[PDB]
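Engineer:
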Amino acid sequence: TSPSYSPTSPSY
Amino acid sequence: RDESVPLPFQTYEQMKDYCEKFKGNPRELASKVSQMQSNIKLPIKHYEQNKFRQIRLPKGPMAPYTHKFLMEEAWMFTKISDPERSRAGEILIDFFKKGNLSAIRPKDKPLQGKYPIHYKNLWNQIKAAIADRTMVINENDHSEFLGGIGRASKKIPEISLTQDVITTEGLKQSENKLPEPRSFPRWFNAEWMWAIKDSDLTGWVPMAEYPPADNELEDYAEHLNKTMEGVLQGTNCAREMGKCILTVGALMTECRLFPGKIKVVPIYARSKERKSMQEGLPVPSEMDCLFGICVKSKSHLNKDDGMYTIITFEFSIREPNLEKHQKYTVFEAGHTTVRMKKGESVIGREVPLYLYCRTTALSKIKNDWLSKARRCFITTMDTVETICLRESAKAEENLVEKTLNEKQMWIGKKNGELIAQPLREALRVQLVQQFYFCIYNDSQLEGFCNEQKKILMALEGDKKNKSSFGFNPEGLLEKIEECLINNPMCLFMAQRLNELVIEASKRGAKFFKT
Amino acid sequence: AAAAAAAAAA
Amino acid sequence: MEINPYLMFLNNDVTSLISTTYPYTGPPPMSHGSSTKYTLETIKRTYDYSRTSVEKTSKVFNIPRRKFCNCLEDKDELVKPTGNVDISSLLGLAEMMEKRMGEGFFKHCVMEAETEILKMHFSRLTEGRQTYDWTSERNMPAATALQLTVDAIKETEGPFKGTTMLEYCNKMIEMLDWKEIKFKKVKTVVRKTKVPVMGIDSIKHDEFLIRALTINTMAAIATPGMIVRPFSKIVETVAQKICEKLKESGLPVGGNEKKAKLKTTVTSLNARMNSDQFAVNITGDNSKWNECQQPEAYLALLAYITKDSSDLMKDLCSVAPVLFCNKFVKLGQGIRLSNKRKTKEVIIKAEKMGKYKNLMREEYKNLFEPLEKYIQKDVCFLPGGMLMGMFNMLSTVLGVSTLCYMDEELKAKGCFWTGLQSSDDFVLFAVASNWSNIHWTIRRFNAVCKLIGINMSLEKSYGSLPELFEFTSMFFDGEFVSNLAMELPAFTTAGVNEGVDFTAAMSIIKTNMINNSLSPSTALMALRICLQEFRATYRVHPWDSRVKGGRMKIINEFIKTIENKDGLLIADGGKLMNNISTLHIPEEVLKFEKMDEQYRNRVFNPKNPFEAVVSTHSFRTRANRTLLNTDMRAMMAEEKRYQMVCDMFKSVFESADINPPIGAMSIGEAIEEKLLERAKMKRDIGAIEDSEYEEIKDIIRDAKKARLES
Amino acid sequence: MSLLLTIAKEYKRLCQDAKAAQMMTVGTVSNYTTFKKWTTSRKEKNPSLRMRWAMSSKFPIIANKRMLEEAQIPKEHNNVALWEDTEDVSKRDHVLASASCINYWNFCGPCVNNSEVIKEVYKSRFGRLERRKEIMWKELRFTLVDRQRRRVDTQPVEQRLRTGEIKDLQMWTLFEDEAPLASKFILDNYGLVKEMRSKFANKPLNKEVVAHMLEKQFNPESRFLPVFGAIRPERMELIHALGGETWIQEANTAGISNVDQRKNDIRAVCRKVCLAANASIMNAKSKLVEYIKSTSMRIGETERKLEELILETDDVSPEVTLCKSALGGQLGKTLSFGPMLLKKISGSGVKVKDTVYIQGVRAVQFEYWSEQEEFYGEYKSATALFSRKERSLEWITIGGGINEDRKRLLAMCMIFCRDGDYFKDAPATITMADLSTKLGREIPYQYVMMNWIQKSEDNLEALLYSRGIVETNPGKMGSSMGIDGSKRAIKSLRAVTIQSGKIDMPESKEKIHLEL
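Chains as they are written, first to last, in the entry's author numbering: chain G, 4 to 15; chain A, 195 to 708; chain H, 1 to 10; chain B, 1 to 191, 203 to 230, 242 to 632, 654 to 753; chain E, 1 to 516.
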């Protein structure tokens, strides 16, 4: 029940 | 052994049996999942905590000047040095006094002074001593000043103390004290910008000769050292390095020379002037200049650590600022003559001279590590040189000379715009940073950097989009907060880290801006 | 004011 | 404008410039005031971190002992460090660790330990850090402390003939049953001048046991006593033999080797991956790593390892932990009383705290009152805490035991964790099929770690994709951790003598250049810096230097004679001939060919009164007058008596220092017969008188009389 | 003459003290080794800083007295006091003196003709300089992948030997008066004894020094070091000036000591000896030991037996392992298969027997291994990392420099891997490779197909094609391996990826020995 993060693209 | 056993078993033989005969079943999966249910917390997401609440900073009075000497506002007295006269370096001030130094006297009423009459009397004792010999003969005067105005406290044995517990007198208690936190300094930025620019004197740091060269490497190495040395010798940061080495070395000799004695040690730095106008001239000027006068107290060494006490007097051309100078006691010393020669008229008249005084503590360890400041150069060199190799090794060419001039390093901000300078002049920024690391080093600073590496590694984690995470960032920022108290360099690098987080978040946002 | 050394014993 | 150095971290990668965040150019921090605060706070953190209310009164000490293992008081804060070890799952980790590598892992490693220790002379016990001498109840270098221990045994029960680690241990355990022990203790006698006359003191088994289990604080790191040390060395060698064989272990192997261990395991993990599986790394760091581990669990584990090895060395393995399972911790300097007047101060001993009681501030009282249970007169008794630095080997054995198990537990999709560990520090690689599962894997491995008492620091640790992580100030990327910040303070002069100082500094610059990977111009500036600080330290300057001084005044007349003035040694005023290419070559060699014949002949003569080149320049440094003024000298009166003895035997036997003397003979007997042989040698052929040789024989036999009378 | 007398009287005084008398009487002489360890344990906390504090004083130094009075004037030139009669600080027969007097005797001292005596004592160092004289130079820059860990002899010297035997040499050359009579080394290795004892025994100067320097003279320091691919032990002495991560230098390999080729000559010697044992299979255990102990090697300056070279040699070749196995020398941590060398970093498992078919419709037993096992491969100009599970390669990565050597690595490691395709190729294997002709001895099968691959060029292509071939996906472009050993990555082998760089070599300190 612990969420995830998918990093859309990068930041620079 | 029989009562040392962990288990419900008491006799060691039963624990021995359970050990030798042990065969584990796969029940640690349910033990580990129940341990998992008991440990509810620590899932971690960067984007969730990506704010990091910026960085917390203390509030209060502005941080003072913690350096044992004054940098930006310090004033110099130039003397062309004789090899046999200046070889002593103690007699340097004795030959200085035959000049105009002996006439300067402060008035009784100081600006911003804590203990005026004491310092004035001591100054007169220095001037009177320099005439005869550089040892001050006052046995009563130093006893109060030493220990940092530390008083020798009489000790009453515990055996006779019990009655004084039964009958309480002398108001018996026990307490300890903590340092008062300060706030982010302003002046520090101006100090950096002053240490960055080249002083008129050529170099302050003794550097030995270059070894013989073979074509392949030693040409590259010798050339790189000649260029880097040539750049960094002219800077004012090199000036403070040189004065630190020479004077702290002088004190280091004075602690073996005259233990338990009061001596007048000059604050000085050696420099040769260099002129690029023409090749043919009489001579480049070789000399040494004087920042001020210094006083040493008892050097006796305890079984536990002793710390010597030191009284610093520095000349300055500059009006004191109560905010950063709070530890300093300033006087109105006199007037000093300053002139120039240019294409214009440039007369120069005269400018008032102020005398800054203070008292500080020097540990023998600090005497050593501050006595060798040359180390900073190396830590700059490596950091610089690598950048030139990693670049050139990509192109398999000699880019060192091209990389030094062409590659742009972000240095500062002006008018809200990010500014960058080439690697040769931004090299001064690294040299100043390492020299401040040497001067300003406190336990607070080491906690700051050693917990700061985590911030930097998370930042570069977001740099290449690797989705980095640290588990309890509130706890990390509480440890970073915990190590920020009074240290000027610590708080400065903290605020500059805030600005780094802001500009980086603007470049791309894995962070927050308030 | 870009003026550092000053005083000369002469 | 505003100068921000950190702005250069924007474009560039951090791992290359990371050496500029560490301020190693400056001095370190250090201790002031009383260390009693940290000690009491740490003991309370030990009893606190061990979560158990079970307390059983010890039979021998009449003091409550809290034995917490395989039992749990659970606190609502699990994430906070735990000190409680479940021994069943522990020995489970031992079993899976063995069955992972060989079936004979522990038997073989213990065999190597038994070998190396049974060989060992107890004299090598003097090698190590400072340890606690209980005779004078002070901290000493291990050699002098051991001399006082053995000497006290000699004056009590007679001289010690053991000459082995085993017999030394047997005597140690025999002394615990001794009802009376005699010491060499210097007592001041007022004759009113106080002369600290040496004396012989007595002690009772009750006090001697506490003095034997006593550990001392160093402003903090602990320095255990002399009776505890040999068994600790035994366990440490066992765990070192265990550490060496482990690929995941970073303790026994370090420096340039740790690097390649990480590289190999990195490419191995990258190859091991599937197309579905996902790899991610974390840099772990552990806080209170020593306070959580417990000697009781180490006793159980040592009993598990020695099960099959021998019953003769097993009883010798179990003795080391039990001395830390009942162990005494010295409190410290104590507290001071003052008024608001800052005039009168009253010093208190650590013994008399319980006299003043509430007179201390409320914080001191809150920390102090619970510790009155386990308090003794001078000292505080705690079972469960592990003092820092002693067992580090076995500690990393534990850590690698936690990391070793992947095949174990469930074959859930993407269950992988493995990495490196050195003492508290550990680098963890975790592989799971999907990203959501990664959080679960990591949490499980932290669950077993905290299950046996390994507590990851939730504040300090951090993790990311495989490219970024740090191990013991080694930061990783595609590149490898270029930093000189570790080795900085060693670049300065070594301080023995001139030639050894400079040549040793050169070889240091070399080794650093190869391993730490500094660039050549950096090493050249390092050469010039070491040369300048060398010249200043030894007060020498080149001949062409204008600098005038004491040693230079001779050089003023020296210059005109010598033809080649560059080939002169630096300490005689010569300019630097060495460079990066010549770093392996000592300065004497490189300058030797170009020296003037008069120079080279006069300077190198071995008869002089005054990798390393001896030359003429090596000398010995005088010790300061400090230790000689106190009664430490009144104790040294024994060490000097060893002195003239060893110097005498070295005058008789020339190879004594080089080849350790052997054979079954007394020192005196060999000295006598050897003196007779040299006397016969010089009399028979060489030039000496016959009546003089009979005089030597007379001195020898007259010496045999006084030797026999003793 | 009184030099012995005063020692005797000193012994009289010492044994007159009972406390020293009993400790002198009780026990062996080995107690000296402990007694010396009981002194001067105190060391100053500060390495340089303390020494600066020491040289600050004008008369800190402890120096001898008699020699100075004998040779030279104690008084100074400039009237700064030099000598006194007072012994202060520690009380020893030396009287304190100023530092500058050393410089004075180095200047005006009366000494002659010490030149030749010096160098051959330090010939280790002096030679390490002599070698730097002859080399040439070129400079460039690159991003260089060095080979991170090699344990390789540095500072190599001819006639290198173990620590114990070199201690024996030390004792014999230093002094005869107290020495044990040591058979094994002195009998066999005599003639180096004659040289060293001859040059160092006649001129009694710096006895201890010369000893401890000769200890290092014959001791190559084998450490774990980065190398850029020139593995000759002569280049290892100075790597720093030569190579590094960004470094490069050239014109080196030429100048070397005579040891480097002599070792290879010893490898060929062990080759021929092992062939002599191979000729007669009646017994291989009793004959080869005779061929070993009988053969006598001539090193350039010294005659030495083959036994003491083999047992004690540093470099372990596939042959040298065989020659050591006959003797009691323990050298482990080495795997030898054909030309290739291997090291085992992981796992374990048992040898099992599986009979699998050839193409000639005949069954032969094959002994294979079932383990999950990660080993490091080592071949000429190529390194790699392999892991096999259940008689088939699981994971593979190649760090090799040259394409052909990469293909050889792949092949040989496939031979040690022994997949099923290993059985499918049998083009005329039985006629020859099946039965080796030595007294009718059947040669093991792994080495059988190994030899079949060493036979011709197409046999390599056969098993190279025996692995699965697939067009590699994007992102594997740099890692993919062509059939001919290239990176173009159009078509590539399965379960293999090239790495751009080298691959680190493991090391373990271990000794294992068993009969053959």
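Just so it is clear, CB atoms sit at the ideal spot from N, CA and C, and this is done for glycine as well.
Taking Cβ positions, are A230 (chain B) and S35 (chain B) nearer each other than 9 Å?
Structural biologist: Residue mapping note: residue 230 (chain B) aligns to position 219 of the fourth sequence, counting from 1. Residue mapping note: residue 35 (chain B) aligns to position 35 of the fourth sequence, counting from 1. Contact flag set, yes.
Engineer: Any beta carbon of chain E sitting closer than 9 Å to that of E373 (chain B)?
Structural biologist: The sequence position of residue 373 (chain B) within the fourth sequence is 351, counting from 1. No, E373 (chain B) lies away from the interface with chain E (no Cβ there is under 9 Å from its Cβ).
Engineer: Should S232 (chain A) be labelled buried (16 or more other beta-carbon atoms within 10 Å of its own) or exposed?
Structural biologist: For the purposes of this step, residue 232 (chain A) is identified with residue 38 of the second sequence, where counting begins at 1. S232 (chain A) counts as exposed, since fewer than 16 other beta carbons sit within 10 angstroms of its beta carbon.
Engineer: What ranges does the alpha helix (DSSP H) occupy inside the segment 271-302 of chain B, keeping only unbroken runs of at least 4 residues that lie completely in it?
Structural biologist: 278-294
Engineer: Is it true that the CB of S30 (chain E) sits closer than 9 Å to the CB of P704 (chain B)?
Structural biologist: On the fourth sequence, residue 704 (chain B) is found 661 positions in, with the first residue counted as 1. On the fifth sequence, residue 30 (chain E) is found 30 positions in, with the first residue counted as 1. Contact: yes.
Engineer: Among the residues of its own chain, which have a CB less than 8 Å from the CB of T597 (chain A), if the five just before and after it don't count?
Structural biologist: As a first step, residue 597 (chain A) must be located in the second sequence, where it is residue number 403. Excluding sequence neighbours, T597 (chain A) sits near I581, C582, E585, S586 and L617.
Engineer: Between the alpha carbons of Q620 (chain B) and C111 (chain E), how many angstroms are there, rounded?
Structural biologist: Within the fourth sequence, the letter at position 598 stands for residue 620 (chain B). Within the fifth sequence, the letter at position 111 stands for residue 111 (chain E). Those two C-alpha atoms are separated by around 8 Å.
Engineer: Could you give the first and the last residue of the continuous alpha helix (DSSP H) run that contains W388 (chain A)?
Structural biologist: For this step, residue 388 (chain A) is matched to residue 194 along the second sequence. Where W388 (chain A) is concerned, the enclosing alpha helix (DSSP H) stretches over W381 to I390.
Engineer: Can you check the segment 35-68 of chain B for any alpha helix (DSSP H) of at least 4 residues that lies completely inside it and give the ranges in chain order?
Structural biologist: 36-49
Engineer: On the three-state DSSP scale, how would you describe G528 (chain A)?
Structural biologist: Translated into the one-based positions of the second sequence, residue 528 (chain A) becomes position 334. Note: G528 (chain A) maps to strand in three-state DSSP.
Engineer: Which residues, taken in chain order from the segment 400-419 of chain A, show a beta carbon closer than 8 Å to some beta carbon of chain E?
Structural biologist: Those would be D408, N409, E410, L411, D413 and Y414, in chain order.
Engineer: Considering only the beta carbon of each residue, do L381 (chain B) and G669 (chain A) sit closer than 9 Å?
Structural biologist: Locating residue 381 (chain B) in the fourth sequence gives position 359, where the first residue counts as 1. Locating residue 669 (chain A) in the second sequence gives position 475, where the first residue counts as 1. No. Outside cutoff.
Engineer: For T246 (chain E), which residues in chain A fall below 7 Å Cβ to Cβ?
Structural biologist: Taking the first residue of the fifth sequence as 1, we reach residue 246 (chain E) at position 246. Result: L583 and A587.
Engineer: Quick check on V152 (chain E): does DSSP put it in helix, strand or coil?
Structural biologist: Residue numbering aside, residue 152 (chain E) sits at position 152 when the fifth sequence is read from its first letter. Three-state DSSP puts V152 (chain E) in a strand.
Engineer: How big is the Cα-Cα spacing for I221 (chain B) and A512 (chain B)?
Structural biologist: In the fourth sequence, residue 221 (chain B) corresponds to position 210, counting from 1. In the fourth sequence, residue 512 (chain B) corresponds to position 490, counting from 1. Spanning the two alpha carbons is a distance of roughly 40 Å.
Engineer: Should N46 (chain E) be flagged as near chain A, meaning a C-beta pair shorter than 9 Å?
Structural biologist: One-based indexing of the fifth sequence puts residue 46 (chain E) at position 46. Taking Cβ atoms only, chain A reaches closer than 9 Å to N46 (chain E), which makes this a yes.
Engineer: Taking 9 Å as the CB-CB limit, is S486 (chain B) close to chain G?
Structural biologist: One-based indexing of the fourth sequence puts residue 486 (chain B) at position 464. It does not: the Cβ of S486 (chain B) has no partner Cβ on chain G nearer than 9 Å.
Engineer: Give the interface partners of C15 (chain E) over in chain B, defined as CB-CB distance under 7 Å, in chain order.
Structural biologist: The sequence position of residue 15 (chain E) within the fifth sequence is 15, counting from 1. Within 7 Å Cβ-Cβ: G711, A746, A749 and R750.
Engineer: Confirm, please, whether the CB-CB distance from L205 (chain E) to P5 (chain B) is below 9 Å.
Structural biologist: The residue given as residue 5 (chain B) occupies position 5 in the fourth sequence. The residue given as residue 205 (chain E) occupies position 205 in the fifth sequence. Result no, Cβ atoms of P5 (chain B) and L205 (chain E) do not sit closer than 9 Å.
Engineer: Thinking C-beta only, is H216 (chain B) closer than 9 Å to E180 (chain B)?
Structural biologist: Stepping through the fourth sequence from its first residue, residue 180 (chain B) is reached at position 180. Stepping through the fourth sequence from its first residue, residue 216 (chain B) is reached at position 205. Closer than 9 Å, so yes.
Engineer: Mind listing the chain A neighbours of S19 (chain B)? Cutoff is C-beta to C-beta under 8 Å, in chain order.
Structural biologist: As a working note, residue 19 (chain B) is residue 19 in the fourth sequence. What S19 (chain B) touches in chain A: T573, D576 and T577.
Engineer: Please report how far the alpha carbon of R162 (chain E) lies from the alpha carbon of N278 (chain E), in whole angstroms.
Structural biologist: Locating residue 162 (chain E) in the fifth sequence gives position 162, where the first residue counts as 1. Locating residue 278 (chain E) in the fifth sequence gives position 278, where the first residue counts as 1. Answer to the nearest angstrom: the Cα atoms are 30 Å apart.
Engineer: Would DSSP call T497 (chain E) helix, strand or coil?
Structural biologist: In the fifth sequence, the residue the question calls residue 497 (chain E) occupies position 497. Correct three-state label for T497 (chain E): strand.
Engineer: Counting Cβ pairs, one atom from each stretch, are 3 or more of them under 8 Å apart for the segment 541-560 of chain B and the segment 252-264 of chain E?
Structural biologist: no
Engineer: Can you find a C-beta in chain A that's less than 9 Å from the C-beta of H32 (chain B)?
Structural biologist: In the fourth sequence, the residue the question calls residue 32 (chain B) occupies position 32. By this cut-off, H32 (chain B) is an interface position.
Engineer: Just to make sure I have the definition right: I need the residues of chain A whose C-beta is within less than 8 Å of the C-beta of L96 (chain E). Which are they?
Structural biologist: Here residue 96 (chain E) refers to the residue found at position 96 when the fifth sequence is read from its first residue. Here the premise fails: no neighbours, minimum Cβ distance about 16 Å.
Engineer: With DSSP as the reference, please indicate the residues paired to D594 (chain B) in a beta bridge.
Structural biologist: Position 572 of the fourth sequence, counted from the first residue, corresponds to residue 594 (chain B). Bridge partners of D594 (chain B): none, in fact.
Engineer: With H, G and I counted as helix, E and B as strand and the rest as coil, what does DSSP make of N318 (chain A)?
Structural biologist: Working through the second sequence from its first residue, we reach residue 318 (chain A) at position 124. Of the three classes helix, strand and coil, the one that applies to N318 (chain A) here is helix, per DSSP.
Engineer: Below 9 Å between beta carbons: does that hold for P252 (chain B) and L125 (chain B)?
Structural biologist: For the purposes of this step, residue 252 (chain B) is taken as the residue at position 230 of the fourth sequence. For the purposes of this step, residue 125 (chain B) is taken as the residue at position 125 of the fourth sequence. Against a cut-off of 9 Å, the Cβ pair of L125 (chain B) and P252 (chain B) comes out as a contact.
Engineer: Could you tell me which whole alpha helix (DSSP H) segments of length 4 or greater appear in the segment 417-469 of chain B?
Structural biologist: none
Engineer: Which chain E residues sit within Cβ distance under 9 Å of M708 (chain B)?
Structural biologist: Taking the first residue of the fourth sequence as position 1, residue 708 (chain B) is located at position 665. Those within 9 Å of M708 (chain B) in chain E are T28 and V29.
Engineer: With a threshold of 9 Å between beta-carbons, can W105 (chain E) be considered close to chain A, or not?
Structural biologist: Numbered from its first residue, the fifth sequence carries residue 105 (chain E) at position 105. Not an interface residue.
Engineer: Flag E2 (chain B) as yes if its beta-carbon sits less than 9 Å from any beta-carbon of chain E, otherwise no.
Structural biologist: As a position in the fourth sequence, residue 2 (chain B) is number 2, starting the count at 1. For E2 (chain B), the answer is no, since every Cβ of chain E falls outside 9 Å of its Cβ.
Engineer: Check this for me: beta carbons of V448 (chain E) and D434 (chain E), under 9 Å apart or not?
Structural biologist: Position 448 of the fifth sequence, counting from 1, holds the residue named residue 448 (chain E). Position 434 of the fifth sequence, counting from 1, holds the residue named residue 434 (chain E). Yes, these two residues count as a Cβ contact at 9 Å.
Engineer: Determine the burial state of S198 (chain A): buried for a count of at least 16 other Cβ atoms within 10 Å of its Cβ, exposed for fewer.
Structural biologist: The sequence position of residue 198 (chain A) within the second sequence is 4, counting from 1. Per the 10 Å Cβ criterion, buried.
Engineer: Can you look up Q372 (chain E) in the DSSP assignment and give me helix, strand or coil?
Structural biologist: As a working note, residue 372 (chain E) is residue 372 in the fifth sequence. Note: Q372 (chain E) maps to strand in three-state DSSP.
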